[PDB]
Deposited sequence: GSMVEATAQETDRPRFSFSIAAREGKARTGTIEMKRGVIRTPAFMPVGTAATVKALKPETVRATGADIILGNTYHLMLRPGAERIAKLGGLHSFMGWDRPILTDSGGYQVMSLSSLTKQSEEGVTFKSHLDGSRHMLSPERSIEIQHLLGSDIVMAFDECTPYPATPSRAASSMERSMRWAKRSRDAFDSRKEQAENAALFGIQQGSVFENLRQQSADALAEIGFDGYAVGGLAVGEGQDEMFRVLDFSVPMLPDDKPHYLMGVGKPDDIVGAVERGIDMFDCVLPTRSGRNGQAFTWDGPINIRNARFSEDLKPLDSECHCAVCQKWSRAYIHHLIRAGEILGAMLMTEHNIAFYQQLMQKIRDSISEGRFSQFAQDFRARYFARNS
């Protein structure tokens, strides 16, 4: 029987790591990409904010929880709901769907995630806007740390959750090294199963994001998983792994799949462009996915230009699969001691 939560590092190269998270419902290979569940992956995401509004967390619990609802028996991660949605108590807001009132606090966020039944629960934080002044970044981060302690206590009070799920704390501090250090220290003093780097992928751009990761990731406990929230494009993932990140989520593969953009080893392509109308190659020449085994760029182009749902489905399947092939190549290259070369080769081709 697997443990509630156990992270093991099997191999390292520079700051990059590869290993496994063992949980009751399954093993998660890291570095991991975690796709949206409503889109192979070891863990999927539930969309807390959306589920709060439709059908509501209590209704999901009545239907048996998200694993039963979605037909997925392996681990599920949920966000805490606030990024998606003010006072020291929490945040209040009205639903556009039916005008109903909703409050969100650390305690209510943890209870919502309990009712959804997720395996990895995020602490309730404030994703500081970018740019932020030092003073506003500090007061925001300080509130998030008080909220992290409240999240910890709420999670620990619910026996089923404490014994079967895991809780991640979220580092804030904007782009400021001293605030990132204070946030890391506060989270480690509380104690979490994993640590997310929050407050990035909010408009700062890759150079600044990587600069912040350079000093921020080493501040977190080395022996616990590191989750970069909201990232990202394939090259963002590669560079973040080089800086010690173990877990990723991003709306891009599905959003791109519905808007005509396919990820390939030679960079993204917009399949609706006329240059693909007679292209008999698969979406990607090396991709092992079922779409690239059977259908051409020309046919996918045709389906999407015709408005056929099949086209969007095939694009999404391809993009999700590409992301998982990327993560597999990352894991194998770290394990084999050739991740530095992989990253260099990946970039040369992706940006050529």
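- Unmodelled regions of the deposited sequence, numbered from residue 1: 1 to 11, 51 to 64, 111 to 118, 386 to 388.
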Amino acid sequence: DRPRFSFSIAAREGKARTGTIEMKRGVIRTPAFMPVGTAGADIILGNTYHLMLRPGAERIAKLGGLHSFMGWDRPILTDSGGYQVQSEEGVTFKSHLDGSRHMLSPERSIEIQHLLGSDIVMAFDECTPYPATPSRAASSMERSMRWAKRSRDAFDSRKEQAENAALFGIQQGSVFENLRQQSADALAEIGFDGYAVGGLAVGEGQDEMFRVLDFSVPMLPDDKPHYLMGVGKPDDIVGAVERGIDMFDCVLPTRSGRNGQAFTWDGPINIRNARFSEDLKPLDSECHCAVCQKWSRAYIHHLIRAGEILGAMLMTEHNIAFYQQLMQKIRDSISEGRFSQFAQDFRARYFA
From here on, numbers count along this sequence of modelled residues.
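Here, rigid core means the biggest group of C-alpha atoms that superpose within 1.5 Å across both forms.
- Farther on average from this form in 5 other deposited structures of this protein lies stretch 276 to 284, the comparison being between 238 to 246 and 276 to 284 by RMS Cα distance after core superposition.
- Once the rigid core is used to overlay the structures in 5 other deposited structures of this protein, the stretch among 30 to 38 and 295 to 303 whose CA atoms lie farther from this form is 30 to 38.
- Of the other entries compared for this protein that flank it with modelled residues, a third or more give no atoms for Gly257.
- For the cut-off of one third of the other compared entries, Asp79 stays well clear, since all of them model it along with its flanks.
- Averaged over their C-alpha atoms, the temperature factors of 239 to 247 and 278 to 286 are higher for 278 to 286.
- Comparing 8 to 16 with 339 to 347, the higher mean C-alpha B-factor in the PDB entry belongs to 339 to 347.
- Out of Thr78, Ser216, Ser151, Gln84, the entry records its largest CA B-factor for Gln84.
- The PDB entry gives the largest Cα B-factor of the residues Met313, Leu45, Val27, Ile300 to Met313.
- Among all modelled residues in this chain, the alpha-carbon of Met327 has a temperature factor (C-alpha) in the lowest third.
- Ranked against the other modelled residues of its chain, the C-alpha B-factor of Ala39 as given in the entry falls in the highest third.
- Compared with the other modelled residues of the chain, the Cα B-factor recorded for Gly90 ranks in the highest third.
- Per the PDB record, residue ranking by Cα B-factor puts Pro31 in the lowest third of the chain.
- In the PDB entry, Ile170 places in the lowest third of its chain by CA B-factor.
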